[PDB]
Amino acid sequence: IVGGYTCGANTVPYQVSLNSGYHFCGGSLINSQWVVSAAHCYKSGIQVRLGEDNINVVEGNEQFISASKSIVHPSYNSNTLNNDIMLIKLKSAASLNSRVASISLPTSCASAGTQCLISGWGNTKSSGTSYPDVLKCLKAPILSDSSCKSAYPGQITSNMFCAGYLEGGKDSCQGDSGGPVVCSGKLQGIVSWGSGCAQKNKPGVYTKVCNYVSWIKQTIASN
Ligand SMILES: [Ca+2]
């Protein structure tokens, strides 16, 4: 997160870290046994870390659970990042408490102008490199589809939306991938892509979660 703020320990209790020997992507806990992330975050050997604040210090509220299965969306296109969504099933159920909690899936899609909360442990610089130890947060609005399409002509599908600031300075970044965009108490987006981070006229592009709720519910009910 570029231009964000320190969230505060466990104030984003649905945020997870995906770890393959090192933090590499974010995700969101949607019930005791399932996490949603980005399909471009796929790898083998995922451990899901819940209840994290400082990802480099064991502070006492963590739960570390290995993934039993990953399921990339059937229509994921790694070239265009269309359908950039994946489900991760935990080998055992997390214990839900005040520091580890699930986020609701949307019943209705979110609207332009809504302010959302984006969070993660990704890069905090626009062209330099600095990765934080503690979770960072960003408030950012959903942009109109016409502005999104103007920023990235020929690149935006109906499964994507833009959020952020056309003037630049505030955005998600590498390492935040897979993490949440929460609007009005619902998981509406997944950190997906962008040209650089926090560049002028290049806002963040997010997987539109409300298009996937049927697939998520059916997949959970079957695995
Ligand atoms: Ca920790």
Side-chain angles (χ1 to χ4, degrees), residues 12 14-20 23-50 65 67-90 94 102-110 114 116-122 140 142-143 145 148 152 155-164 171-194 203-223:
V12 191
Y14 52 84
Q15 171 83 49
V16 311
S17 168
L18 310 180
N19 185 285
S20 61
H23 170 86
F24 68 88
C25 272
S28 302
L29 187 72
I30 61 158
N31 67 25
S32 67
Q33 293 186 278
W34 290 90
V35 162
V36 172
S37 184
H40 82 263
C41 287
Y42 168 79
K43 55 189 71 183
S44 60
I46 298 178
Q47 187 185 62
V48 172
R49 294 189 172 210
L50 305 85
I65 309 173
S68 58
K69 179 184 284 188
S70 300
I71 306 163
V72 165
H73 192 281
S75 299
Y76 176 51
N77 182 322
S78 56
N79 296 325
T80 66
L81 293 185
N82 196 30
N83 311 292
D84 193 9
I85 184 171
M86 164 186 71
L87 283 164
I88 299 166
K89 191 180 180 193
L90 299 178
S102 57
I103 185 70
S104 288
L105 287 178
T107 60
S108 134
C109 301
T114 300
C116 305
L117 181 70
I118 308 176
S119 46
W121 294 272
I142 294 167
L143 298 175
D145 286 341
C148 188
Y152 294 108
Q155 302 155 62
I156 305 295
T157 76
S158 41
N159 300 310
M160 299 171 192
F161 65 92
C162 287
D171 196 6
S172 60
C173 202
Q174 277 79 199
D176 295 320
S177 293
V181 178
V182 165
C183 317
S184 313
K186 307 302 177 163
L187 183 68
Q188 294 282 8
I190 301 159
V191 176
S192 185
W193 66 274
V205 190
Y206 296 94
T207 308
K208 190 173 184 164
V209 172
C210 64
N211 293 348
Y212 297 101
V213 173
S214 290
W215 172 75
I216 294 173
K217 284 177 180 315
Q218 76 106 41
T219 301
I220 289 182
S222 289
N223 290 267

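No hydrogens, no waters, no symmetry mates; every other heavy atom, side chains included, goes into these values. Residue numbers start at 1 and run along the sequence shown.
With sequence neighbours excluded, the residues that form a side-chain contact (heavy atoms from CB on, under 4.5 Å) with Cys210 are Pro106, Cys109, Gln188, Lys208. Under the side-chain contact (heavy atoms from CB on, under 4.5 Å) criterion, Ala140 pairs with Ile118, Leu138, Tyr165, not counting sequence neighbours. Residues passing the side-chain contact (heavy atoms from CB on, under 4.5 Å) test with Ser184 are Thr114, sequence neighbours excluded. Partners of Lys89 under the side-chain hydrogen bond (donor to acceptor under 3.5 Å, both in side chains) rule, at least two apart in sequence or in another chain, do not exist in this structure. For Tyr152, the ring pair (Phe, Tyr, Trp, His ring centres under 6.0 Å) partners are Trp193, not counting sequence neighbours. A search for side-chain hydrogen bond (donor to acceptor under 3.5 Å, both in side chains) contacts involving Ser104 returns nothing, not counting sequence neighbours. Shown here are the side-chain hydrogen bond (donor to acceptor under 3.5 Å, both in side chains) partners of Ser28, two or more places apart in sequence or in another chain: there are none. By the side-chain contact (heavy atoms from CB on, under 4.5 Å) test, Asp171 pairs with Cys197, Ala198, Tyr206, sequence neighbours left out. Scored by the ring pair (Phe, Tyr, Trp, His ring centres under 6.0 Å) test, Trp121 finds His23 as partners (sequence neighbours excluded). Every side-chain hydrogen bond (donor to acceptor under 3.5 Å, both in side chains) that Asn223 has, sequence neighbours left out, goes to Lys69.
The shortest heavy-atom contact between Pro180 and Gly27 is CD-O, 4.0 Å. The two atoms that bring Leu81 and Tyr76 nearest to each other are CD2-OH, 3.3 Å, heavy atoms only. Residues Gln15 and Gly179 approach most closely at NE2-CA, 4.5 Å, considering heavy atoms. Between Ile88 and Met86, the shortest heavy-atom distance links the atoms CD1-CE, 4.0 Å. The nearest pair of heavy atoms linking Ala38 to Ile190 is N-CG2, 3.8 Å. Of all non-hydrogen atoms in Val72 and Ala39, the two that sit nearest each other are CG1-CB, 3.8 Å.
For the side chain to side chain contact (heavy atoms under 4.5 Å, CB included) criterion with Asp84, the lone passing option out of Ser192, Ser177, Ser78, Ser37 is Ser192.
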Please list every donor-acceptor pair under 3.5 Å in which a side-chain atom of residues 157-164 meets a protein atom from a residue at least two apart or in another chain.
| residue | atom | partner | partner atom | Å |
| --- | --- | --- | --- | --- |
| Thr157 | OG1 | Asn82 | OD1 | 2.8 |
| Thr157 | OG1 | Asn159 | N | 3.1 |
| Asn159 | OD1 | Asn211 | ND2 | 3.0 |
| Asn159 | ND2 | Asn82 | OD1 | 3.0 |
| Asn159 | ND2 | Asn83 | OD1 | 3.3 |

Tell me which donor-acceptor pairs under 3.5 Å the side chains of residues 41-48 have, and how far apart each pair is, sequence neighbours excluded?
| residue | atom | partner | partner atom | Å |
| --- | --- | --- | --- | --- |
| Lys43 | NZ | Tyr22 | OH | 3.3 |
| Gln47 | OE1 | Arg49 | NE | 2.8 |
| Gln47 | OE1 | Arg49 | NH2 | 2.8 |

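Considering only heavy atoms from C-beta on, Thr207 comes within 4.5 Å of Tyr212 through its side chain. Considering only heavy atoms from C-beta on, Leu87 stays 4.5 Å or farther from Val35 through its side chain. The side-chain heavy atoms of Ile216 and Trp34, taken from C-beta on, include no pair separated by under 4.5 Å.
A distance of 11.0 Å separates CG of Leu50 from OG of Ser102, quoted to the nearest 0.5 Å. For the atom pair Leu90 CG and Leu29 CG, the distance stands at 7.0 Å (nearest 0.5 Å).
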